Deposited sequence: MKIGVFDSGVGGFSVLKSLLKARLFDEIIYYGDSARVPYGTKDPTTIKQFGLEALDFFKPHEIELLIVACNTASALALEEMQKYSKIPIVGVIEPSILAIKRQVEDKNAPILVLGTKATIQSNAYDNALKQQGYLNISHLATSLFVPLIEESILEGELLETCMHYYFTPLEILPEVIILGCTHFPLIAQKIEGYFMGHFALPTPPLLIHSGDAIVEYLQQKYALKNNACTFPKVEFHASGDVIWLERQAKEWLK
């Protein structure tokens, strides 16, 4: 079995990491559109065209399944990609919705969706949660988390101040937080710490991680050390250097 993983750049490595530790595939063709990243600050028309173009990249690699690791592409382009595509394409949004159903039985539990601007604006997460019965959904574009994490600012007063900037306006105190962006797992502990420390919270909110959720989904569909090809629209060496650090 040989699959491809598509992402806007290097944030996809947080999904690639979970896929690797589940050893469900033999061959993984990773493609990151690092020349044009990020997608989250751009518009639906551009993003959809990007997704269609990613389809053309994988054509000569003869994969049987495409994982869209990017939450932004999953939110804006997955539908259009699935139309033009003969192999199945699994994004990271629907699998997270399934994990929420399994881990969050109270449909009134306050859920907070975190993602890029484009992802939040699309309402992909909110619409899918509502169709599954959830009645207490909040969403927040935390755009600056992406560049902060990509600069390796994973702790310190800059990250803390960025979190306070996004989180201080929150009306509802969340029980569940959806990490609806490839980058956010790298600061998951810090997001937890923020809510425990800023509110009288003994335990932290529950965090839904997109890579762990797609793996659960994929395990409920396929059978039980993989080769990995790294491709990039930018400098592939720069992307590979990034991979070594993300996959730690």
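Chemist: Give me the ranges of the deposited sequence that have no CA atoms here, in sequence order.
Modeler: Missing CA coords only at 225 to 230.
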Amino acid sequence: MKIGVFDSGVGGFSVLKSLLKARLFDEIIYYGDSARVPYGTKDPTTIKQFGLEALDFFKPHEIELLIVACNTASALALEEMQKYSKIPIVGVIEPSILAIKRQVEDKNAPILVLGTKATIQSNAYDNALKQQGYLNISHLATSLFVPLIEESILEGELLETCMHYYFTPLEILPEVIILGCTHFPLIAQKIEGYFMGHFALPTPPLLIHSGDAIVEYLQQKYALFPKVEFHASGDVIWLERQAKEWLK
From here on, numbers count along this sequence of modelled residues.
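Chemist: Would you determine, from the values in the PDB entry, which of 56 to 64 and 29 to 37 has the greater average C-alpha temperature factor?
Modeler: Higher mean C-alpha B-factor in the PDB entry: 56 to 64.
Chemist: Decide which of the stretches 20 to 28 and 6 to 14 has the higher mean C-alpha B-factor, going by the entry.
Modeler: So the stretch with the higher mean C-alpha B-factor is 20 to 28.
Chemist: Out of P44, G180, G193, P185, whose C-alpha atom has the biggest B factor in the entry?
Modeler: Among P44, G180, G193, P185, the PDB entry lists the largest C-alpha B-factor for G193.
Chemist: Looking at the C-alpha B-factor values in the deposited entry, which of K86, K130, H139, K117 comes out highest?
Modeler: In this record, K86 carries the highest C-alpha B-factor of the candidates.
Chemist: Of the three thirds of its chain by CA temperature factor, lowest, middle or highest, which one includes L135?
Modeler: Middle third - that is where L135 ends up once the chain's C-alpha B-factors are sorted.
Chemist: Among the modelled residues of its chain, does the C-alpha B-factor of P169 lie in the lowest, middle or highest third?
Modeler: Its C-alpha B-factor belongs to the highest third of this chain's values.
Chemist: State the tercile, meaning the lowest, middle or highest third, of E151 with respect to the CA B-factors recorded for its chain.
Modeler: Ranked within chain, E151 CA B lands in the middle tercile.
Chemist: Which third of the chain holds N123 when residues are ordered by C-alpha B factor: lowest, middle or highest?
Modeler: Ranked within chain, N123 CA B lands in the middle tercile.
Chemist: Is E79 in the lowest, middle or highest third of its chain when residues are ranked by C-alpha B-factor?
Modeler: Highest third of the chain for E79's C-alpha B-factor.
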